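All remarks here apply to the structure that follows.
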Amino acid sequence: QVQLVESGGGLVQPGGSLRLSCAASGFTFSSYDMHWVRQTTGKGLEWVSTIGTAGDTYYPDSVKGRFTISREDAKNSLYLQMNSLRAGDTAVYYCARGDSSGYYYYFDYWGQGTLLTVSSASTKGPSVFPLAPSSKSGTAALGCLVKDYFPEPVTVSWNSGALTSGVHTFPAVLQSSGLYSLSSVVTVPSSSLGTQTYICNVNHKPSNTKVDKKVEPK
Amino acid sequence: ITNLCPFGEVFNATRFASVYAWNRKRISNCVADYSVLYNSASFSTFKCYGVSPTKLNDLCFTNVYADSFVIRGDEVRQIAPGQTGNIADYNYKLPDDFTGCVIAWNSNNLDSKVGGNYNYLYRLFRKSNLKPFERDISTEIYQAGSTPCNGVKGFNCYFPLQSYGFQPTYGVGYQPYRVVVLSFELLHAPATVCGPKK
Amino acid sequence: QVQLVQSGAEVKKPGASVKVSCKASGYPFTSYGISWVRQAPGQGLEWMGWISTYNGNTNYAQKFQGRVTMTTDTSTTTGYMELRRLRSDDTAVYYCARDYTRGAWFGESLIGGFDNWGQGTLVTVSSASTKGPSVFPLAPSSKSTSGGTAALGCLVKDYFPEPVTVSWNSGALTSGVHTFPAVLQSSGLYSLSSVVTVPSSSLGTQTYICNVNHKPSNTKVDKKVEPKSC
Amino acid sequence: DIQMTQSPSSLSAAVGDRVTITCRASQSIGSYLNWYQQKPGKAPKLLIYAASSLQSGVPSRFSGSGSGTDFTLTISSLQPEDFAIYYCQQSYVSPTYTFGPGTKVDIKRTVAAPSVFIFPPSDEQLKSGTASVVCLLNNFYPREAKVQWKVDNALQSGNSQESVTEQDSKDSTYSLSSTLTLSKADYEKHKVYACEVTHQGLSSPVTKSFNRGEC
Amino acid sequence: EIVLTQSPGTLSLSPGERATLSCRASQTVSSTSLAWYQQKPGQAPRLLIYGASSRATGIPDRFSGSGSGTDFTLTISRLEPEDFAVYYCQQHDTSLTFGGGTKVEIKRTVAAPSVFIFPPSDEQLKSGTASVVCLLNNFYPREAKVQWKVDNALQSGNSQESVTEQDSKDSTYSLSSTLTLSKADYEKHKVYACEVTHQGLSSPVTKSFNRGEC
Amino acid sequence: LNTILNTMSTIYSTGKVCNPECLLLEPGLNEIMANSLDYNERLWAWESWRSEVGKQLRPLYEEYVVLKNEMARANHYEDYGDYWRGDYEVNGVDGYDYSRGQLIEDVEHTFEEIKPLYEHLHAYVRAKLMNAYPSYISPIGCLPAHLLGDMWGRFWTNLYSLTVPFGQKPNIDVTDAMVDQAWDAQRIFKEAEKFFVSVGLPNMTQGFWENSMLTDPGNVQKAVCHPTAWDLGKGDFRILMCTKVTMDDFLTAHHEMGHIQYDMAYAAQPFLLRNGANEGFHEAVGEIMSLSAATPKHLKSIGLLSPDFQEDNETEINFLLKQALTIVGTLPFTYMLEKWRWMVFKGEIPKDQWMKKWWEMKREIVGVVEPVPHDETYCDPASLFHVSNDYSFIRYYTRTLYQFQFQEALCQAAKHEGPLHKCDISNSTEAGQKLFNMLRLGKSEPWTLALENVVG
Ligand SMILES: *[C@@H]1O[C@H](CO)[C@@H](O[C@@H]2O[C@H](CO)[C@@H](O)[C@H](O)[C@H]2NC(C)=O)[C@H](O)[C@H]1NC(C)=O
Ligand SMILES: *[C@@H]1O[C@H](CO)[C@@H](O)[C@H](O)[C@H]1NC(C)=O
Ligand SMILES: *[C@@H]1O[C@H](CO)[C@@H](O)[C@H](O)[C@H]1NC(C)=O
Ligand SMILES: *[C@@H]1O[C@H](CO)[C@@H](O)[C@H](O)[C@H]1NC(C)=O
Ligand SMILES: [Cl-]
Ligand SMILES: [Cl-]
Ligand SMILES: [Cl-]
Ligand SMILES: [Cl-]
Ligand SMILES: [Cl-]
Ligand SMILES: [Cl-]
Ligand SMILES: [Cl-]
Ligand SMILES: [Cl-]
Ligand SMILES: [Cl-]
Ligand SMILES: [Zn+2]
């Protein structure tokens, strides 16, 4: 199975620099071109950079002089160094494999993306609170509130990922304070409230925050 | 084959043609190492059409043609299929199904001259747009009205070529850029130009 | 890795011809032309011509239009320069060089120069004939300053062709030595001098021998240089 | 470069319906056209290359047609898991590949009323000095819904924020959270906390409430 | 022909100084087609600059090329000891030609020559020729006047001079003057003198011998 | 007519009066009218210029009026004044047309609205001048023309020394802070470039930095040190400025670079449409830049004033008074001069009444009276450069009004709070966008539309 995994996104001040990594597995990495493609809500998908199999590198004009793509075939690794970062560079960055059938080129495999936030504001880690299941009730609802964190994103799982069915992790909301807040809920059989333990696992990498909160009926 | 294609002779020529009289070299029976073109600190434009640059050393073609000329920076965008403007219409026209690459770089330090270098010209008027890969080097007076010109410039009668008059203090949009167009030609004939990996 | 190795030195009589070879290595031979340049003793550089390794096209300096011929062999990646009807003033070092001024394929001018050069080939054109030098002493003065410095030497005269080599006490004496560039005498034979300054006190005790070697005639001479004897 | 345009901007269709999306290139690009699918929170997924070649492993209901400047992506029978944004991308000019702006494909389904839940603030948060009350509307359709907060039967304004999930890939419903934020002081001044929910799937508004100190 | 003129022929500077070398063409030369070469004694030339301003491989930053039209300049920002050599310009705008070259020598404080005179050896005289040698040792600058006199008669047309390369350590020159006479003339005359005029000498220095002196 | 024009130009430029030693208008008589506090000295210089030059110009000016009117009517204008007013005319664009007569109506309307402010400024200046020239000025009369701070009363600027409301409150001058921080001309121009980038406008071109002349070249070569912005075409933009490390030169750099930004914006227009929307647009664009740069907000922001610097009402009133002495002072002068010329061209003022009407208008419109009676042998308006050198003058009125129209619109887009004179448009891409939407037009659209793009 071809897999690509980006790393290194996060908060960085304007004018600052940051390196993104992409780890590849499941193919002969050296035999394929590699690419960086970024995504923003306002401008959609945008090509950021390309590296071929002959050391050749390609950049759009908006990026030449500021970003540098490179590759370490011995470590099946792809890199994007970024200097002179501006607020407008805030985006999700994907690495992507390029391949061709005949003359027709395409991006057949993409990573999961890593969010780069360019801001002068400071990191804050979330507080995680239980949303306790009602003593009154069948189907019951419970959850976790992840309040007052910056920048995006937080990731939330349940029972270390053993619980996925019925889970809704809501999109974050920007509060008037400039901080984000989010809540993850799950619906379960009421009867299971006394036969299953429910723990939410919240992770906020920019602040190195990992919290496991057990949600219990009061 | 063991001789390398003479890409350096094209890109590193001292003299470049005016765009209305664009130069063409035919490159055949050679191994093409395109790696000389990768990561140039000089190239301001490197685009390919129908093939990807990364794959160039894995391709074979019947012939490669190298057209070269000088224009201004603002006009480099016109050196591509589907474009319009003085250069695309009256000077150098690529086909809608072009297969090749276009490379360009600033030549202000070679082709400008204090006081003006008037050797670089471009066609400004033509009765019709050029067909792809057509070269017009006529100097017939352009007749803009019903009155014949009888070969003399005058009212509604214009000399068809105009000079760039490049000066080093010009802005970038007006500075000379050298351009090379490599066309990859694939006929029903054996391939004579191949990358080192084929 | 780029390397141009030229043929050995040559002696020719007036009107003879000379062919100098130039083995190229470490680069694609047929992508670059070969240029040739010459340098007469003590004079500037003088361009001779250019040849394409791809199609054999040539471009010669007007000065040699009817006397020079440039050729190449691809299998041996070698260039050749033949100069004919040799005159006295054709005496010079002849360099080949890898050319990036004119294109091998298309023969049009390139942004560049001569970027790699051979070690050169000395061609001596003279009606003279091989002759070993006579070695005479330049004896230190009887008027040398007591406690000061004296000068002595060897006159190496009437030899042909170049070069000779000169050492002192078989290489033990090097400080204070000046071996002068040879001059071409009106006879067509060369002559030079090697001198050295020594402590005057040394003349009574130390022996001073100049060792002269002229390989073209297989001549070797060791001359003891003595003071006074008046 | 080559500008890519897509039509429509968004579209609602039912499971089993034939969905048809179009792509236009600012100039002729022959068959150098790819189609990608992107689901919420996930990376693009290649569906079609060379205008009509179906990438390996892609379900056969996806198909691509077109040539020159106009191209079409067709879903022969829309499935719930196809809710997504579809992008085209020209492969004719490199390295400057360009993407279309995307077409959103939403699923039309039957009306589903929300399941409503209310959550009082945790004691730890109250120790921090702030109270968050959460109202959850679970798995409803269509997306239009109204929630109103009442504190001691006093309607609230300006102290709540809502968030809505993207359409569920299995049942095509939506879920919504509303968060009321109060100071610990304001929260301790009152007793009844309720959220009243209006949705087209309910014959009458549904209120879920709690008293401050009761369980 | 396009003639390149380089002036001065010899440029005398101290190490560490800036050096600007001039190449003036007899008609305009395209900047694409002017190059600069370095040459050290006994070595082949090396390409320094091509295209008027572009550096060749392995050429340090202190080397710079500039110019246009008919005026071109090779600049060495900080002279290292290894930079004292000859420099040639070259054009191939029209045919191909070299400049005459400029030598960059180490400028030194004035040093007067030590002068010596050597009479012919008896061995040589037995052969029918006499060589008289006058040695000017370790002097700067290079320019000097050497005059031979035989019984006060000023000699002309019968002497040859040779000069060493500038010394690596002293930055001085040495020079030899060899007067060639017939045995008959040498034995006919008595006083052999070489007179040396040089900037470091308060008055000209004469060295002489009288045939027979002990 | 060319002989007449050259003769008038030369008589103005070479005219000199000899002490009853000879003084030339620049610098001598101008120095007197700027700095002298002697009633008699000022009167002498004023009358001397009026007589030495105006009397000579009078007949030339009479002939000039006739010939210019023949030229104008041959081009189908009513007179030379109508000809000039053509420089605001717009036809063919429905909803944006502007007639040559409309200019008079609109100038007179806006001047009627300026009248109260000018009257009160006038009363204030008269009181202070009374304190400075005790016996010579009436407290209900017009102001003697030779006491107004320059040779004509065109600007009242040099009256600041005599009228400063709070003489113990120094003005803000960050020159010393610039020298203490080791500023150079480059730093000044880099800060101006930063200012324009902050509103979303582009950097200066590499060529600008390579080819401008931003300091005096010294004794090697002589240069014309008047600050000027150059648009050579072919993408070549430059500034010529013998910059000194001074606050005034900092602000002037901003002004001139505003000219450059204008030039760059409309460089994409056809050659003949590369200019301001009308004669007043360019200088207005320039002035609003210096307006924003000089504010205490901006100087604090760029580190030339300490963050602890406190403003105060008295210093602000000082600054506003000075600004008025120049800006508000010149408006009635400019309108009255051009009104006299318009009427002379139209033929409404007989030659026998030329000077009479002139001084009547000076008394009525601008509140200034002649110290010496002048008859129709004089020609006082031609004693000003613009009149004897055949330049229209209403451009100054129009540009001055446009300035604050622009600034109000941009400060609104920049969400500025408080009085308009304290406003700095830095970091406002909204205001930059509004301004660029006009700059980009050059002369391609009606100036009515150009103005609408900025101010609505
Ligand atoms: C044009 O000439 C330059 C040299 O002036 C060539 O650049 C050299 O290319 C080789 C191959 O990549 C390198 O090893 C050298 O280091 C390069 N030297 C310099 C100074 O850049 C260039 O390749 C030539 N152009 C073409 C198309 O071949
Ligand atoms: C303007 O120039 C500065 C020079 O340092 C640069 O940092 C900045 O990114 C440039 N901005 C624009 C819009 O050109
Ligand atoms: C404009 O913004 C920059 C960067 O945020 C800041 O340094 C500067 O002080 C600001 N100036 C003003 C007047 O807002
Ligand atoms: C200065 O002006 C402000 C704003 O109108 C006002 O509130 C304040 O009282 C004034 N101070 C003085 C001393 O006039
Ligand atoms: Cl073709
Ligand atoms: Cl050529
Ligand atoms: Cl070197
Ligand atoms: Cl040649
Ligand atoms: Cl030569
Ligand atoms: Cl100005
Ligand atoms: Cl212009
Ligand atoms: Cl007056
Ligand atoms: Cl004035
Ligand atoms: Zn101005």
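Protein chains in written order, with the authors' numbering: chain M, 1 to 137, 141 to 221; chain S, 332 to 529; chain C, 1 to 230; chain N, 1 to 215; chain D, 1 to 214; chain F, 116 to 135, 140 to 575.
Even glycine gets a Cβ: it sits at the ideal position worked out from N, Cα and C.
| Check | Outcome |
| --- | --- |
| Taking any Cβ of chain N, which residues in the segment 80–114 of chain M have a Cβ under 7 Å from it, in chain order? | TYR94, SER101, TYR104, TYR105, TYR106, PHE107, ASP108, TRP110, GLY111, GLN112 and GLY113 |
| Using a strict less-than 6 Å threshold between each residue's beta carbon and the heavy atoms of ligand 14, what residues do you get? | F:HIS374, F:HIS378, F:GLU402 and F:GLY405 |
| By the criterion of Cβ-Cβ separation under 7 Å, what are the contact partners of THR164 (chain D) in chain C? | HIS178 and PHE180 |
| When DSSP builds the beta bridges, which residues end up paired with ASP215 (chain M)? | M:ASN204 |
| Is there a Cβ of chain D sitting closer than 9 Å to that of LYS356 (chain S), yes or no? | no |
| Based on the DSSP secondary-structure assignment, which residues constitute the bridge partners of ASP206 (chain F)? | In the DSSP output, where bridge partners are listed per residue, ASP206 (chain F) has none listed. |
| Less than 9 Å separating the beta-carbons of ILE209 (chain C) and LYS223 (chain C)? | yes |
| Taking Cβ-Cβ distances below 7 Å as the criterion, which residues of the segment 19–43 of chain D are in contact with chain S? | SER30, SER31, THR32 and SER33 |
| Collect the residues with a C-beta less than 5 Å away from any heavy atom of ligand 8 and give them in sequence order along the chain. | C:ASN59, C:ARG102 and D:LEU96 |
| May I ask you to list the residues that DSSP assigns as paired with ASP99 (chain C)? | C:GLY33 and C:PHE114 |
| Please tell me whether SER53 (chain N) has its Cβ less than 9 Å away from any Cβ of chain S. | no |
| Are the CB atoms of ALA520 (chain S) and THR393 (chain S) within a distance shorter than 9 Å? | yes |
| Where do the N-terminal and C-terminal ends of the alpha helix (DSSP H) with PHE342 (chain S) fall, by residue? | 338–342 |
| Could you name the residues of the same chain whose beta carbon sits closer than 6 Å to that of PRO140 (chain C), not counting the 5 residues immediately before and after it, in chain order? | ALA150, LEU152, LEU203 and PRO227 |
| How would the residue list near ligand 3 read, in chain order, if you kept each one whose beta-carbon is closer than 5 Å to any heavy atom? | F:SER420, F:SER545 and F:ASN546 |
| By alpha-carbon positions, which one of C:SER7, C:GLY49, C:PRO161 and C:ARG38 ends up nearest to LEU96 (chain D)? | C:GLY49 |
| Establish whether the CB of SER94 (chain N) and some CB of chain S are separated by less than 9 Å. | yes |
| With DSSP collapsed to three states, give me the class of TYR187 (chain N). | helix |
| Within the same chain, show all residues whose beta-carbon is closer than 7 Å to that of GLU495 (chain F), passing over the 5 residues directly before and after it, in chain order. | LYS470, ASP471, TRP473 and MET474 |
| In whole angstroms, what is the alpha-carbon distance linking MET152 (chain F) and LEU266 (chain F)? | 7 Å |
| For a test of your reading of the model: does the CB of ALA61 (chain C) fall under 8 Å from any non-hydrogen atom of ligand 9? Yes or no. | yes |
| Which residues in the same chain have their Cβ closer than 8 Å to the Cβ of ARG24 (chain N), if we skip the five residues on either side of it in sequence? | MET4, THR5, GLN6, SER7, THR69, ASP70 and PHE71 |
| In chain order, which continuous runs of the alpha helix (DSSP H) of length 4 or greater are located wholly inside the segment 151–213 of chain C? | 200–205 |
| Anything in chain S within Cβ reach of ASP56 (chain M), meaning under 7 Å, just list it in chain order. | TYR369, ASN370, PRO384 and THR385 |
| Since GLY102 (chain N) meets chain M, which of its residues come closer than 7 Å, beta carbon to beta carbon? | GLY44 |
| Along the segment 382–412 of chain S, what residues have a CB closer than 7 Å to any CB found in chain M? | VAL382, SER383, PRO384, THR385, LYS386 and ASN388 |
| Going straight from the alpha carbon of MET455 (chain F) to that of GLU375 (chain F), what length do you get? | 29 Å |
| Please give the ranges of any beta strand (DSSP E) in the segment 53–81 of chain D, keeping only runs that are unbroken, at least 3 residues long and fully inside the region. | 63–68 and 71–76 |
| Considering only residues of the same chain and omitting the five flanking positions on each side of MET557 (chain F), which have a CB-CB separation below 6 Å? | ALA569, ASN572 and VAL573 |
| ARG85 (chain C): buried (16+ other C-beta within 10 angstroms of its C-beta) or exposed? | exposed |
| Out of F:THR334, F:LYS341, F:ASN290 and F:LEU423, state which residue places its alpha-carbon closest to the alpha-carbon of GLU435 (chain F). | F:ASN290 |
| Drop a sphere of 10 angstroms on the beta-carbon of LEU78 (chain N), count the other beta-carbons inside from all chains shown, and report buried for 16 or more, exposed for fewer. | buried |
| Unbroken beta strand (DSSP E) runs of length 3 or more, entirely within the segment 129–212 of chain D: which are they? | 129–139, 145–150, 159–163, 173–182, 191–197 and 205–210 |
| Within the 9 Å Cβ cut-off, does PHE456 (chain S) reach chain M? | no |
| Leaving out five residues on either side along the sequence, give the residues of the same chain with a beta carbon under 7 Å from the beta carbon of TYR515 (chain F). | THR449 and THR453 |
| Rounded to whole angstroms, what is the Cα-Cα separation between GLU124 (chain N) and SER157 (chain N)? | 25 Å |
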